Ligand SMILES: C[C@]12C=CC(=O)C=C1CC[C@@H]1[C@@H]2[C@@H](O)C[C@@]2(C)[C@H]1CC[C@]2(O)C(=O)CO
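Chains as they are written, first to last, in this note's numbering: chain A, 18 to 228; chain B, 13 to 233.
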């Protein structure tokens with residue numbers, strides 16, 4: 018069969034830059050289509066028949082290519098252009114895996130806060146310690162948990178938001194889930210964020226034996 | 013004008029069956045070839061089935077293996093997909109689409125209907141208030157939260173003060189934990205306003221018909 022690969026998987030750019038992404042076919046085909054998708058909504062026809070713009074698509078966009086190689090190009094990119102773009106063609110079962118275009122902005126350190134397990138959760142026999150890292154840039158950030166002075170790595174789950182549609186920052190939660198008995202065996206809980214904005218981490222902590 | 017509106021998706025045990033429908037409006041439905049496209053949890057898009065305008069020409073995607081049947085009723089402006097012997101790998105959002113010309117771009121898409129194939133059962137969430145407690149903050153702002161734990165299937169919808177606190181809110185994508193979903197939501201308000209002004213998270217889980225409010229109250233230390 019014929020299969021599609023897209024490059025790059027993820028890219029980011031400031032508004033005003035030129036953007037190019039590529040779609041490659043394992044064997045020659047023609048009349049490539051491109052679909053735009055944003056979080057929570059359906060794919061949308063964007064370019065079709067290799068180079069025709071769909072209705073509502075600005076002339077900053079163009080498609081081109083032939084044979085085994087195709088591309089979508091954006092001049093003077095705008096914030097609303099941020100999306101995942103997928104290629105597809107009439108003899109292809111699986112769409113290309115998509116290029117996710119993200120918005121570059123000024124670096125920002127996270128606002129960090131930590132929360133002890135609630136008494137209601139303890140009553141049921143679980144204990145989640147929740148740490149929020151809000152409104153930071155870029156997306157790459159490292160979170161480290163220390164329990165009574167020693168690094169802890171099991172039972173941590175992290176979840177990032179999509180890039181924020183108004184200020185282009187990212188937020189993320191880091192949650193340490195323990196049993197109530199495991200939580201009750203230790204006292205000092207620390208959440209540390211290490212981000213490229215500073216060589217020294219941002220630290221929030223609490224002692225279980227307070228409050 | 014043109015509308016494509018899917019339905020019939022839901023939770024189904026492995027080996028089970030389901031029928032999806034797509035209601036069409038605003039165009040001469042019988043002049044157009046139609047398709048089903050699905051998007052997997054990994055965001056991968058797969059062409060499932062295609063039907064010609066007359067219903068006499070049909071194609072299926074590679075991994076379907078005869079378990080899918082596309083059909084249409086041009087009199088009722090409805091497209092169908094019958095799915096049987098369902099597998100874990102059939103979990104996806106299923107989209108109704110319309111074709112433009114004979115290079116087969118898809119010029120209109122429906123809103124999608126979600127199909128989830130597993131043995132897990134519908135389960136309501138536990139909701140817990142996140143007050144600073146022994147981690148009390150000291151800025152001009154304070155951040156509070158709600159922990160939503162142990163529900164199935166997705167989604168839940170989280171609001172703060174019935175939607176009147178909308179800025180300063182981050183609701184994080186849910187993750188599987190012991191094969192049930194968990195998420196947290198944070199809200200940030202001026203520290204002069206809490207606790208003098210109440211802050212409450214509103215959690216709705218439609219699949220279980222559950223709705224709960226958790227007031228964020230300072231902990232009794
Ligand atoms: C254009 C096409 C071929 C000729 C035709 O009269 C109508 C179509 C539309 C459906 C396309 C089909 C083939 O190309 C094979 C496809 C891609 C099928 C959709 C699934 C498909 O059966 C497949 O995925 C095979 O790999």
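Beta carbons: idealized from backbone N, C-alpha and C, even for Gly.
Residue i Cβ short of 7 Å to ligand 1 heavy atom set
{"i": "residue 82 of chain B", "result": "no"}
{"i": "residue 153 of chain A", "result": "no"}
{"i": "residue 109 of chain A", "result": "yes"}
{"i": "residue 74 of chain B", "result": "yes"}
{"i": "residue 18 of chain A", "result": "yes"}
{"i": "residue 162 of chain A", "result": "no"}
{"i": "residue 62 of chain A", "result": "no"}
{"i": "residue 69 of chain B", "result": "yes"}
{"i": "residue 52 of chain A", "result": "no"}
{"i": "residue 243 of chain B", "result": "The displayed coordinates of chain B run from 13 to 233. Any statement about residue 243 of chain B would go beyond what the structure contains."}
{"i": "residue 62 of chain B", "result": "yes"}
{"i": "residue 116 of chain B", "result": "yes"}
{"i": "residue 59 of chain B", "result": "yes"}
Closest residue to residue i among the options (Cα-Cα distance)
{"i": "residue 102 of chain B", "options": "B/181, B/229, B/36, B/25", "result": "B/25"}
{"i": "residue 82 of chain B", "options": "B/75, B/88, B/221, B/92", "result": "B/92"}
{"i": "residue 37 of chain A", "options": "A/218, A/89, A/19", "result": "A/89"}
{"i": "residue 71 of chain B", "options": "B/60, B/164, B/79", "result": "B/60"}
{"i": "residue 108 of chain A", "options": "B/94, B/114, B/108, B/105", "result": "B/114"}
{"i": "residue 73 of chain B", "options": "A/81, A/93, A/112", "result": "A/112"}
{"i": "residue 214 of chain B", "options": "B/138, B/151, B/28, B/201", "result": "B/138"}
{"i": "residue 197 of chain B", "options": "A/159, A/151, A/86", "result": "A/151"}
{"i": "residue 193 of chain B", "options": "B/133, B/118, B/55, B/64", "result": "B/133"}
{"i": "residue 204 of chain B", "options": "B/159, B/151, B/172", "result": "B/151"}
{"i": "residue 69 of chain B", "options": "B/45, B/40, B/80", "result": "B/45"}
{"i": "residue 129 of chain B", "options": "B/67, B/119, B/99", "result": "B/99"}
{"i": "residue 23 of chain B", "options": "B/179, B/153, B/219", "result": "B/219"}
{"i": "residue 117 of chain B", "options": "A/135, A/105, A/132", "result": "A/105"}
{"i": "residue 234 of chain B", "options": "B/85, B/76, B/57", "result": "With chain B running from 13 to 233 in the structure shown, residue 234 of chain B is simply not present."}
{"i": "residue 202 of chain A", "options": "A/171, A/144, A/84", "result": "A/144"}
{"i": "residue 17 of chain B", "options": "B/141, B/33, B/43", "result": "B/33"}
DSSP bridge partner residues for residue i (one or two, in chain order)
{"i": "residue 31 of chain A", "result": "Its beta-bridge partners do not exist; DSSP assigns none."}
{"i": "residue 50 of chain A", "result": "A/105"}
{"i": "residue 36 of chain B", "result": "B/16"}
{"i": "residue 221 of chain A", "result": "A/208"}
{"i": "residue 213 of chain B", "result": "B/172, B/226"}
{"i": "residue 120 of chain A", "result": "A/30"}
{"i": "residue 38 of chain A", "result": "A/89"}
{"i": "residue 202 of chain B", "result": "B/153"}
{"i": "residue 158 of chain B", "result": "B/141, B/197"}
{"i": "residue 111 of chain A", "result": "B/58"}
- Please list the segments of the beta strand (DSSP E) lying wholly inside the stretch 128-202 of chain A, counting only runs of 3 or more residues, in order along the chain. 128-132, 143-153, 159-164, 167-169, 173-177, 187-196
- Task: Quick one: which residues of the stretch 108-135 of chain B get their C-beta closer than 9 Å to a C-beta of chain E? List them in chain order.
- Result: Note that chain E does not occur in the displayed structure, where the protein chains are A and B.
- Task: Ignoring anything shorter than 3 residues or poking outside the stretch 57-140 of chain B, list the beta strand (DSSP E) runs there in chain order.
- Result: 57-63, 70-72, 80-85, 90-95, 104-111, 118-121, 125-129
- Message: My parser needs the beta strand (DSSP E) runs of 3 or more residues fully inside the stretch 41-88 of chain A; what are they?
- Response: 50-54, 61-65, 78-83
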